[PDB]
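S.K.: Before anything else, here's the structure in question.
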Amino acid sequence: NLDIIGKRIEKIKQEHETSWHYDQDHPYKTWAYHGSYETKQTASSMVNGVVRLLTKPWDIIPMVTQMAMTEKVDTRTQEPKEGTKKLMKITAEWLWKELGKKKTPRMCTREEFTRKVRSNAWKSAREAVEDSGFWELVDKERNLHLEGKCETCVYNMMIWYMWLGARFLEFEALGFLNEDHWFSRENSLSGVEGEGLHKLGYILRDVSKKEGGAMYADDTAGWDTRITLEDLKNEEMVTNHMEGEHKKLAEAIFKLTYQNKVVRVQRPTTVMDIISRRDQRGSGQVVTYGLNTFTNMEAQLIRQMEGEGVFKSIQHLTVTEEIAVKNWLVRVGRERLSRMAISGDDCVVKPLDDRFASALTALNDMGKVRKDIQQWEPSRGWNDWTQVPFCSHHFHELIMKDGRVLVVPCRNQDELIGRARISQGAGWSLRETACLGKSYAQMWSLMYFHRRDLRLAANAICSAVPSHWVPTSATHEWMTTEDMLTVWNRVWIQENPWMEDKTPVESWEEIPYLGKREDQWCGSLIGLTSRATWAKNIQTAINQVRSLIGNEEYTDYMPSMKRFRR
Ligand SMILES: Cc1cccc(O[C@@H]2CCN(C)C2=O)c1F
Ligand SMILES: [Cl-]
Ligand SMILES: [Zn+2]
Ligand SMILES: [Zn+2]
């Protein structure tokens, strides 16, 4: 305990020796209060005017306009039963071994870390890299870990954050998981890391082709808050596949920063509290993704074991049941992993049959309680892969006029237009705002070409922003100045392993839409008076934005669509 977190607490107290206090009215029951000190300080979502001027009909849709305006953390999950714990340990050992069969754990390097900083995700961290003083501090902490101690690895609430140095040490020990694609479908069988939103539909359709029952897509309630110390210890077992320095460095990150967290949090009552918890997820956005994918893969194999009647009770695992679990994993584990599509806390499972639906004892006792359903009510499965929710999307099967088959991503169009109308942070020039608009427009042309309103608005934004201006922000092929019909052909035809005939598409009229009623169901404004006026007069809205940016080189993309041809 304090033997691992002490120094960090001691260091902070010293830097604030003239404002320390052990407030006895602290609002913490599940987090351990250590003290506070004087603090004073706070980012609200701003509107992208380029996108908003070119999406006027949506100015009166509350679902869109309300997106731009604007408890579970202090909870405790019970220690699972012993049979649950044995199931998890056995499954986690086997999964780490399967993931490392065709992969080599290895350290990430300052050079890799630096290049990422010089390319985005001392003031800015891009300045600390050059200052060797920073790296001197890193080595200090680094040699501090090698002894099994930490002093500078404390999270700052507000998506917790850490000093760049601590981020590097986590990257040096665990970066290999994302950088070498451990949760790729090829290597994990259930994973989709790096697979792309033009690939998720095809994946779900392949899972659908397997013999079995319904497709289940149960979202967990506050997954980040339900990670047990048992899960963190099962995650740590990746170190068993490591060697030398790496093995000790990874062990330290798991022991000192994950399985023993120290966090600073603001409290208006403004006294910065210093709480400590050994449970829940408190790592990187990228390591969190991969460890979430891993623990979700483990939970879903165990839920599959329970449906298939591999174990009878979680209270205790018999020696015979252990051999049965191990034999099940060795005999059908890879096939069972291929039945799932997991992305961090998000999953779709096509189990052997619908006994899975009522198999809830292990899932509930692991703490992975389902959202918006009664703890013991059986799961509502899906009978059609095109209505399954995954990664905030559903997928449409769409037949091209030449009979070739596209599987396309889709979501409620209010959500897509609402997100494009928002810019994160401040100090945006007109040009930087125009180029963020252009990133949305190019994404829409690539992924959402099949929605009539988004193809039209994407053409309008690309016509309203200078042709040579560069778009600025798994697979983001819209982040380019290349012609969008050429990127469409590469993504949907040339590089698409589900498409046998590689004949390029010659124009945008050969690229199909959803049904008109399909379009409206998914939130299109086709058939509204406001939308017809918007379309008819689109060249006037384009001209308004062009007049604001000024006399630059612009290209007219509206003649790509049939109606705008003279
Ligand atoms: C381009 C276009 C313009 C106007 C109406 C349209 O379709 C109407 C409106 C919704 N719906 C199911 C229809 O049949 C349309 F597609
Ligand atoms: Cl139709
Ligand atoms: Zn440390
Ligand atoms: Zn849809």
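By convention in this document, the chains of the structure tokens carry letters A, B, ... by their order, each chain's residues are numbered from 1, and ligands are numbered from 1 in the order they are shown.
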Find the residues around residue A:88 up to 7 Å (only C-alpha atoms counted), leave out those fewer than 4 positions away in its own chain, and share them as a list in words.
M.R.: residues 84, 92 and 298 of chain A
S.K.: Got time to write the residues from that selection, C-alpha atoms, as a PDB file, in the first residue's frame?
M.R.:
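Listed below is the output, result_4.pdb:
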ATOM      1  CA  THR A  84     -14.753 -17.658 -11.379  1.00  0.00           C
ATOM      2  CA  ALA A  92      -5.996 -15.647 -19.498  1.00  0.00           C
ATOM      3  CA  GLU A 298     -11.600 -13.742 -21.783  1.00  0.00           C
TER       4      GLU A 298
END
S.K.: Kindly compile the residues surrounding ligand 1 within 7 Å, counting only C-alpha atoms and all ligand atoms, and format them as a list in words.
M.R.: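 I would give the residues around ligand 1 as residues 516, 517, 520, 526, 527 and 532 of chain A.
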S.K.: Kindly save the residues from that selection, with C-alpha atoms included, as a tab-separated table (two decimals), in the first residue's frame.
M.R.:
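Result file selection_37.tsv:
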chain	number	residue	atom	x	y	z
A	516	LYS	CA	-35.05	6.02	-50.30
A	517	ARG	CA	-37.08	4.54	-47.35
A	520	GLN	CA	-35.26	8.15	-44.30
A	526	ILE	CA	-35.19	13.75	-48.38
A	527	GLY	CA	-38.88	14.71	-48.97
A	532	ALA	CA	-35.29	20.45	-51.34
S.K.: What are the nearest atom pairs, with distances in Å to one decimal, for all residues of chain A that come at most 6 Å from ligand 4, using only C-alpha atoms and all ligand atoms, set out by chain and rising residue number as a Markdown table?
M.R.:
| residue | atom | partner | partner_atom_place_in_ligand_line | distance |
| --- | --- | --- | --- | --- |
| A:410 | CA | ligand 4 | 1 (Zn) | 4.4 |
| A:411 | CA | ligand 4 | 1 (Zn) | 5.4 |
| A:522 | CA | ligand 4 | 1 (Zn) | 4.7 |
S.K.: How would the residues just picked look written out with C-alpha atoms as a CSV table (one decimal), in the first residue's frame?
M.R.:
chain,number,residue,atom,x,y,z
A,410,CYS,CA,-24.3,3.5,-41.1
A,411,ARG,CA,-25.6,5.4,-38.1
A,522,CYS,CA,-31.6,6.2,-40.9
S.K.: As an exercise, work out the distance from atom CA of residue A:441 to atom CA of residue A:457 in Å and give it to one decimal place.
M.R.: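 Between atom CA of residue A:441 and atom CA of residue A:457 the gap is 7.3 Å.
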S.K.: Give me, as a count of residues only, the set of residues whose atoms come within 7 Å of any atom of ligand 3, counting only C-alpha atoms and all ligand atoms.
M.R.: 10
S.K.: When you look at residue A:312 with a cut-off of 12 Å (counting only C-alpha atoms), what residues show up, excluding the ones that are within fewer than 3 positions of it in the same chain? I need them as an NGL selection string.
M.R.: :A and (83-84 or 87 or 305-309 or 315-318 or 320-322 or 324-325 or 359 or 361-362)
S.K.: Near residue A:4, within 12 Å and counting only C-alpha atoms, which residues show up once chain neighbours fewer than 4 positions away are dropped, as a list in words?
M.R.: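 Everything that qualifies: residues 8, 9, 10, 144, 145, 147, 148, 149, 150, 151, 153, 154, 252, 253, 255, 256, 257, 258, 259, 260, 261, 262, 276, 277 and 278 of chain A.
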S.K.: Write out as a ChimeraX atom specification all residues of stretch 110-268 of chain A that DSSP puts in alpha helix (DSSP H) for this structure's backbone.
M.R.: /A:110-117,125-128,132-146,164-174,176-179,185-188,197-208,229-236,244-252
S.K.: As a list in words, please: every protein or nucleic acid residue near ligand 2 (cut-off 10 Å, counting only C-alpha atoms and all ligand atoms).
M.R.: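 Selection of residues at most 10 Å from ligand 2: residues 513, 514, 515, 516, 517, 518 and 519 of chain A.
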S.K.: Would you list, as a PDB file with N, CA, C and O atoms, in the first residue's frame, the residues of stretch 206-451 of chain A that end up in strand (DSSP E) under DSSP run on this structure's backbone?
M.R.:
ATOM      1  N   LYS A 261      -2.838   2.810  -7.984  1.00  0.00           N
ATOM      2  CA  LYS A 261      -2.997   4.130  -8.645  1.00  0.00           C
ATOM      3  C   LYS A 261      -2.943   5.248  -7.600  1.00  0.00           C
ATOM      4  O   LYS A 261      -3.496   5.060  -6.499  1.00  0.00           O
ATOM      5  N   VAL A 262      -2.296   6.360  -7.952  1.00  0.00           N
ATOM      6  CA  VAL A 262      -2.346   7.656  -7.215  1.00  0.00           C
ATOM      7  C   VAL A 262      -2.827   8.705  -8.216  1.00  0.00           C
ATOM      8  O   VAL A 262      -2.235   8.783  -9.313  1.00  0.00           O
ATOM      9  N   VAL A 263      -3.872   9.453  -7.856  1.00  0.00           N
ATOM     10  CA  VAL A 263      -4.539  10.441  -8.752  1.00  0.00           C
ATOM     11  C   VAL A 263      -4.780  11.733  -7.972  1.00  0.00           C
ATOM     12  O   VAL A 263      -5.136  11.650  -6.779  1.00  0.00           O
ATOM     13  N   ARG A 264      -4.583  12.871  -8.640  1.00  0.00           N
ATOM     14  CA  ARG A 264      -4.955  14.220  -8.149  1.00  0.00           C
ATOM     15  C   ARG A 264      -6.265  14.629  -8.835  1.00  0.00           C
ATOM     16  O   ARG A 264      -6.366  14.455 -10.069  1.00  0.00           O
ATOM     17  N   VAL A 265      -7.230  15.126  -8.051  1.00  0.00           N
ATOM     18  CA  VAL A 265      -8.583  15.554  -8.520  1.00  0.00           C
ATOM     19  C   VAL A 265      -8.922  16.906  -7.883  1.00  0.00           C
ATOM     20  O   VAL A 265      -8.685  17.055  -6.671  1.00  0.00           O
ATOM     21  N   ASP A 273      -7.396  16.790  -4.063  1.00  0.00           N
ATOM     22  CA  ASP A 273      -7.365  15.546  -3.245  1.00  0.00           C
ATOM     23  C   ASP A 273      -6.294  14.613  -3.816  1.00  0.00           C
ATOM     24  O   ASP A 273      -5.949  14.761  -5.003  1.00  0.00           O
ATOM     25  N   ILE A 274      -5.790  13.696  -2.991  1.00  0.00           N
ATOM     26  CA  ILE A 274      -4.785  12.678  -3.405  1.00  0.00           C
ATOM     27  C   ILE A 274      -5.295  11.306  -2.965  1.00  0.00           C
ATOM     28  O   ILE A 274      -4.925  10.850  -1.860  1.00  0.00           O
ATOM     29  N   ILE A 275      -6.118  10.696  -3.822  1.00  0.00           N
ATOM     30  CA  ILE A 275      -6.819   9.400  -3.590  1.00  0.00           C
ATOM     31  C   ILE A 275      -5.954   8.264  -4.142  1.00  0.00           C
ATOM     32  O   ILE A 275      -5.101   8.540  -5.000  1.00  0.00           O
ATOM     33  N   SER A 276      -6.210   7.041  -3.679  1.00  0.00           N
ATOM     34  CA  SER A 276      -5.448   5.865  -4.158  1.00  0.00           C
ATOM     35  C   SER A 276      -6.395   4.672  -4.274  1.00  0.00           C
ATOM     36  O   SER A 276      -7.062   4.354  -3.274  1.00  0.00           O
ATOM     37  N   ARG A 277      -6.461   4.050  -5.449  1.00  0.00           N
ATOM     38  CA  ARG A 277      -7.284   2.825  -5.597  1.00  0.00           C
ATOM     39  C   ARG A 277      -6.437   1.777  -6.317  1.00  0.00           C
ATOM     40  O   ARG A 277      -5.592   2.169  -7.142  1.00  0.00           O
ATOM     41  N   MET A 340     -16.566 -14.333 -32.497  1.00  0.00           N
ATOM     42  CA  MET A 340     -16.727 -13.012 -31.844  1.00  0.00           C
ATOM     43  C   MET A 340     -16.031 -11.913 -32.662  1.00  0.00           C
ATOM     44  O   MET A 340     -15.088 -12.216 -33.425  1.00  0.00           O
ATOM     45  N   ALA A 341     -16.510 -10.679 -32.508  1.00  0.00           N
ATOM     46  CA  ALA A 341     -15.873  -9.440 -33.000  1.00  0.00           C
ATOM     47  C   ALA A 341     -15.841  -8.442 -31.840  1.00  0.00           C
ATOM     48  O   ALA A 341     -16.903  -7.872 -31.520  1.00  0.00           O
ATOM     49  N   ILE A 342     -14.668  -8.276 -31.224  1.00  0.00           N
ATOM     50  CA  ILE A 342     -14.471  -7.465 -29.992  1.00  0.00           C
ATOM     51  C   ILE A 342     -13.596  -6.248 -30.320  1.00  0.00           C
ATOM     52  O   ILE A 342     -12.597  -6.390 -31.063  1.00  0.00           O
ATOM     53  N   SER A 343     -13.979  -5.090 -29.780  1.00  0.00           N
ATOM     54  CA  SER A 343     -13.257  -3.803 -29.888  1.00  0.00           C
ATOM     55  C   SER A 343     -13.259  -3.128 -28.520  1.00  0.00           C
ATOM     56  O   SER A 343     -14.189  -2.350 -28.267  1.00  0.00           O
ATOM     57  N   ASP A 346     -16.438  -3.366 -26.320  1.00  0.00           N
ATOM     58  CA  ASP A 346     -17.583  -3.615 -27.226  1.00  0.00           C
ATOM     59  C   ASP A 346     -17.445  -4.971 -27.912  1.00  0.00           C
ATOM     60  O   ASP A 346     -16.340  -5.248 -28.378  1.00  0.00           O
ATOM     61  N   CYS A 347     -18.521  -5.776 -27.947  1.00  0.00           N
ATOM     62  CA  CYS A 347     -18.529  -7.161 -28.478  1.00  0.00           C
ATOM     63  C   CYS A 347     -19.841  -7.519 -29.191  1.00  0.00           C
ATOM     64  O   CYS A 347     -20.923  -7.007 -28.829  1.00  0.00           O
ATOM     65  N   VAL A 348     -19.680  -8.405 -30.167  1.00  0.00           N
ATOM     66  CA  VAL A 348     -20.716  -9.188 -30.890  1.00  0.00           C
ATOM     67  C   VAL A 348     -20.261 -10.650 -30.811  1.00  0.00           C
ATOM     68  O   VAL A 348     -19.073 -10.909 -31.112  1.00  0.00           O
ATOM     69  N   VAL A 349     -21.122 -11.549 -30.337  1.00  0.00           N
ATOM     70  CA  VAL A 349     -20.837 -13.010 -30.190  1.00  0.00           C
ATOM     71  C   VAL A 349     -21.930 -13.780 -30.911  1.00  0.00           C
ATOM     72  O   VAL A 349     -23.099 -13.444 -30.696  1.00  0.00           O
ATOM     73  N   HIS A 394     -24.412   0.315 -37.467  1.00  0.00           N
ATOM     74  CA  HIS A 394     -24.999  -0.892 -38.087  1.00  0.00           C
ATOM     75  C   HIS A 394     -24.501  -0.953 -39.531  1.00  0.00           C
ATOM     76  O   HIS A 394     -23.918   0.039 -40.017  1.00  0.00           O
ATOM     77  N   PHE A 395     -24.751  -2.061 -40.204  1.00  0.00           N
ATOM     78  CA  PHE A 395     -24.212  -2.320 -41.548  1.00  0.00           C
ATOM     79  C   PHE A 395     -25.325  -2.761 -42.488  1.00  0.00           C
ATOM     80  O   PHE A 395     -26.167  -3.635 -42.158  1.00  0.00           O
ATOM     81  N   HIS A 396     -25.306  -2.130 -43.658  1.00  0.00           N
ATOM     82  CA  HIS A 396     -26.227  -2.374 -44.773  1.00  0.00           C
ATOM     83  C   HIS A 396     -25.474  -3.183 -45.823  1.00  0.00           C
ATOM     84  O   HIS A 396     -24.280  -2.887 -46.078  1.00  0.00           O
ATOM     85  N   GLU A 397     -26.154  -4.178 -46.387  1.00  0.00           N
ATOM     86  CA  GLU A 397     -25.744  -4.882 -47.624  1.00  0.00           C
ATOM     87  C   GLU A 397     -26.289  -4.101 -48.813  1.00  0.00           C
ATOM     88  O   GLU A 397     -27.470  -3.816 -48.840  1.00  0.00           O
ATOM     89  N   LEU A 398     -25.429  -3.705 -49.744  1.00  0.00           N
ATOM     90  CA  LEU A 398     -25.823  -2.769 -50.809  1.00  0.00           C
ATOM     91  C   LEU A 398     -25.244  -3.273 -52.126  1.00  0.00           C
ATOM     92  O   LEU A 398     -24.035  -3.508 -52.210  1.00  0.00           O
ATOM     93  N   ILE A 399     -26.118  -3.477 -53.095  1.00  0.00           N
ATOM     94  CA  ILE A 399     -25.785  -4.130 -54.389  1.00  0.00           C
ATOM     95  C   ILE A 399     -25.562  -3.043 -55.438  1.00  0.00           C
ATOM     96  O   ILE A 399     -26.446  -2.179 -55.626  1.00  0.00           O
ATOM     97  N   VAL A 405     -21.050  -6.452 -54.485  1.00  0.00           N
ATOM     98  CA  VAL A 405     -21.723  -6.299 -53.165  1.00  0.00           C
ATOM     99  C   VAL A 405     -20.866  -5.475 -52.212  1.00  0.00           C
ATOM    100  O   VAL A 405     -19.729  -5.903 -51.869  1.00  0.00           O
ATOM    101  N   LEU A 406     -21.397  -4.327 -51.793  1.00  0.00           N
ATOM    102  CA  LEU A 406     -20.754  -3.471 -50.771  1.00  0.00           C
ATOM    103  C   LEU A 406     -21.431  -3.751 -49.428  1.00  0.00           C
ATOM    104  O   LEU A 406     -22.674  -3.845 -49.410  1.00  0.00           O
ATOM    105  N   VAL A 407     -20.656  -3.870 -48.352  1.00  0.00           N
ATOM    106  CA  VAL A 407     -21.194  -3.876 -46.964  1.00  0.00           C
ATOM    107  C   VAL A 407     -20.714  -2.588 -46.308  1.00  0.00           C
ATOM    108  O   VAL A 407     -19.473  -2.451 -46.090  1.00  0.00           O
ATOM    109  N   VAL A 408     -21.650  -1.683 -46.033  1.00  0.00           N
ATOM    110  CA  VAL A 408     -21.345  -0.256 -45.719  1.00  0.00           C
ATOM    111  C   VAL A 408     -21.747   0.061 -44.283  1.00  0.00           C
ATOM    112  O   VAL A 408     -22.792  -0.402 -43.789  1.00  0.00           O
ATOM    113  N   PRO A 409     -20.947   0.897 -43.594  1.00  0.00           N
ATOM    114  CA  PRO A 409     -21.296   1.352 -42.249  1.00  0.00           C
ATOM    115  C   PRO A 409     -22.351   2.458 -42.281  1.00  0.00           C
ATOM    116  O   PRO A 409     -22.431   3.205 -43.241  1.00  0.00           O
ATOM    117  N   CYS A 410     -23.111   2.581 -41.202  1.00  0.00           N
ATOM    118  CA  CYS A 410     -24.271   3.505 -41.113  1.00  0.00           C
ATOM    119  C   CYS A 410     -24.540   3.820 -39.648  1.00  0.00           C
ATOM    120  O   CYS A 410     -24.195   3.007 -38.791  1.00  0.00           O
ATOM    121  N   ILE A 422     -18.966  20.167 -34.778  1.00  0.00           N
ATOM    122  CA  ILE A 422     -18.210  20.441 -33.532  1.00  0.00           C
ATOM    123  C   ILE A 422     -16.697  20.366 -33.780  1.00  0.00           C
ATOM    124  O   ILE A 422     -16.228  19.415 -34.407  1.00  0.00           O
ATOM    125  N   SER A 423     -15.979  21.375 -33.274  1.00  0.00           N
ATOM    126  CA  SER A 423     -14.497  21.476 -33.237  1.00  0.00           C
ATOM    127  C   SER A 423     -14.031  21.442 -31.775  1.00  0.00           C
ATOM    128  O   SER A 423     -14.629  22.170 -30.957  1.00  0.00           O
TER     129      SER A 423
END
S.K.: Using only C-alpha atoms, can you tell me which of A:192, A:329, A:271, A:237 comes closest to residue A:293?
M.R.: A:192
S.K.: So, with only C-alpha atoms as the atoms that count, which of A:304, A:184, A:42, A:442 lies closest to residue A:482?
M.R.: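 Once distances to residue A:482 are computed over only C-alpha atoms, the minimum belongs to A:442.
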S.K.: What is the distance, in Å and to one decimal place, between atom CA of residue A:59 and atom CA of residue A:472?
M.R.: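 If I compute the distance from atom CA of residue A:59 to atom CA of residue A:472, I get 24.6 Å.
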S.K.: Do a neighbour search on residue A:378 at 8 Å with only C-alpha atoms, toss out local chain neighbours closer than 2 positions, and write the hits as a VMD selection string.
M.R.: chain A and resid 357 to 360 376 380
S.K.: Write the residues you've just listed into a file as a PDB file, in the first residue's frame, and include C-alpha atoms for each of them.
M.R.:
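And here's again-v4.pdb as it stands now:
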ATOM      1  CA  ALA A 357     -28.604 -15.886 -23.629  1.00  0.00           C
ATOM      2  CA  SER A 358     -29.362 -17.204 -20.062  1.00  0.00           C
ATOM      3  CA  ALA A 359     -25.688 -18.026 -19.118  1.00  0.00           C
ATOM      4  CA  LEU A 360     -25.120 -15.031 -16.752  1.00  0.00           C
ATOM      5  CA  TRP A 376     -31.000 -12.311 -14.552  1.00  0.00           C
ATOM      6  CA  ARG A 380     -32.177 -10.168 -26.382  1.00  0.00           C
TER       7      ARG A 380
END
S.K.: I'd like to know which of A:164, A:177, A:2, A:435 is closest to residue A:137, using only C-alpha atoms.
M.R.: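 Closest to residue A:137, using only C-alpha atoms: A:164.
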S.K.: Got a sec: who's within 10 Å of residue A:105, counting only C-alpha atoms, leaving out chain neighbours fewer than 3 positions off, as a PyMOL selection string?
M.R.: chain A and resi 100+108+173-177+180+182+238-239+241-243+246-247
S.K.: When you draw a straight line from atom CA of residue A:55 to atom CA of residue A:547, how long is it in Å?
M.R.: 17.0 Å
S.K.: I'd like the neighbourhood of residue A:289 as a PDB file with C-alpha atoms, in the first residue's frame, where a residue qualifies if any of its atoms comes within 9 Å (using only C-alpha atoms), though same-chain residues fewer than 4 positions away should be ignored.
M.R.:
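The result, written out as selection_20.pdb:
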ATOM      1  CA  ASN A 178      -0.863  -1.653 -30.257  1.00  0.00           C
ATOM      2  CA  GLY A 284      -3.406   4.850 -21.427  1.00  0.00           C
ATOM      3  CA  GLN A 285      -6.212   5.363 -24.019  1.00  0.00           C
ATOM      4  CA  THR A 293     -10.051  -6.176 -25.758  1.00  0.00           C
ATOM      5  CA  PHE A 294      -8.052  -8.906 -23.880  1.00  0.00           C
ATOM      6  CA  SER A 343     -13.257  -3.803 -29.888  1.00  0.00           C
ATOM      7  CA  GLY A 344     -12.236  -2.881 -26.308  1.00  0.00           C
ATOM      8  CA  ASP A 345     -15.391  -2.963 -24.120  1.00  0.00           C
TER       9      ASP A 345
END
